[PDB]
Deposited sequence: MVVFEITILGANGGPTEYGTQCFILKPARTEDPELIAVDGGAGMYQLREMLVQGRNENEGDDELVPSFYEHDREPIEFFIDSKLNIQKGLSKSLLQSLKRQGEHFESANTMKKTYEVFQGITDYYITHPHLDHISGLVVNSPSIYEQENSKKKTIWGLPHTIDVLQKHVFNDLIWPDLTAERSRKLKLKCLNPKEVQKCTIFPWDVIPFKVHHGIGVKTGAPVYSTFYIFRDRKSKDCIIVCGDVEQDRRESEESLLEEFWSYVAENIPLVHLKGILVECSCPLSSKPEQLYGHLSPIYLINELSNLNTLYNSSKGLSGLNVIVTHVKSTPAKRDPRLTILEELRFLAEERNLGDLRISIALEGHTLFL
């Protein structure tokens, strides 16, 4: 039944600077070296950690305890494992002697060369820092695996002008070998992934406004659909609720598309933020979701599917939780708040988990 393997490289919303948003995707079970990244925060560094670290598992927290039981953060039915998947690792183990002789750094370069394509949601630095700093790895060899960075224009235009511009970073897109490329996607259009037999469908969403400019700051939701099984996952960039009159109902458009085109049984997971707990703090919430806003969005999706079973069976994987100087880990607070609000709103057998770095989900 499992179609997707999702490696959580980074699920941190800030303001600490490591492990920011990046998810690796591949088909379940298969052993090709090729990998897709959604966003570009945590990258090589995190792959290396997972190659070393790989039960009463404890995960980092730094609140009530420095480490906490893994099960506290996840739905009890979630198919999750620590480390990289057996099949991802098998692409290194295709050569017996070579795998054993290769040190951790070498293994990291090898796995990382397989990242063919990034789908970037928006160009905020926390979503691109690993993509950028890791990028010179592409020049380690003559016979070279090339990388492509995909996005809607609001992302690609910014990367071209403000990142790969010989000021913030050497303009690797200008190098004649074209080992790093920027490519635009059209919104709402079914586009094809390059290696996997998957469709990718990007949708624009709102993510606040400029501090100086007041201009809308856009983000992206990506649908990945396995063509054979028709199973899908939704992987989201940072997002806030739409404003009734002053703007386009981008989220309504998105949920309507999902309900029309993807039966709930085929929706294997949504990776979506809840940056903040219910406790106000407007400065930290701008451009983001809190549990009431996320539950309101899921309630809208529920209304569109229009089943008496609610969202029963749906896996919601909560990403981009921010640190806060609070007594309790906000991931735990948010998880409890979301579960409470889902129960209050009668959303059915909805399965809510927090995304945990250094783990793979099987959906």
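Missing from the model, relative to the deposited sequence, is only the stretch 55-60.
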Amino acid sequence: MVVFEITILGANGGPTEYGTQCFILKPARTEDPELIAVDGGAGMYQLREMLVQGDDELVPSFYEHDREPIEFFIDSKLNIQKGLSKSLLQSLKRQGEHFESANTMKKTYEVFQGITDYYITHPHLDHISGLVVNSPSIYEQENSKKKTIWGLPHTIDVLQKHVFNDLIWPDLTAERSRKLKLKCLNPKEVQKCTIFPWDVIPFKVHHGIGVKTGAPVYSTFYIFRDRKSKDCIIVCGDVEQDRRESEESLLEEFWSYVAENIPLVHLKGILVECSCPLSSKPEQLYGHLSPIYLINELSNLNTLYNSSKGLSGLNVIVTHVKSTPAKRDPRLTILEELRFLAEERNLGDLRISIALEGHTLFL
From here on, numbers count along this sequence of modelled residues.
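Two stretches are in play, 298-306 and 38-46, and the higher mean C-alpha B-factor belongs to 298-306. The PDB entry records a higher mean C-alpha B factor for 140-148 than for its counterpart among 140-148 and 250-258.
Residues shown: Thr16, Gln21, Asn346, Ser353. Highest C-alpha temperature factor in the entry: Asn346. The PDB entry assigns the greatest CA B-factor among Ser219, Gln160, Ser275, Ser280 to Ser280. In the PDB entry, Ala11 places in the middle third of its chain by CA B-factor. Sort the modelled residues of the chain by CA B factor and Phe72 lands in the middle third. Remark: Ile128 belongs to the lowest third of its chain, ranked by C-alpha B-factor as recorded. Sorting the modelled residues of the chain by their CA temperature factor places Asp56 in the highest third. Split the chain's modelled residues into thirds by C-alpha temperature factor. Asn103 is in the middle one.
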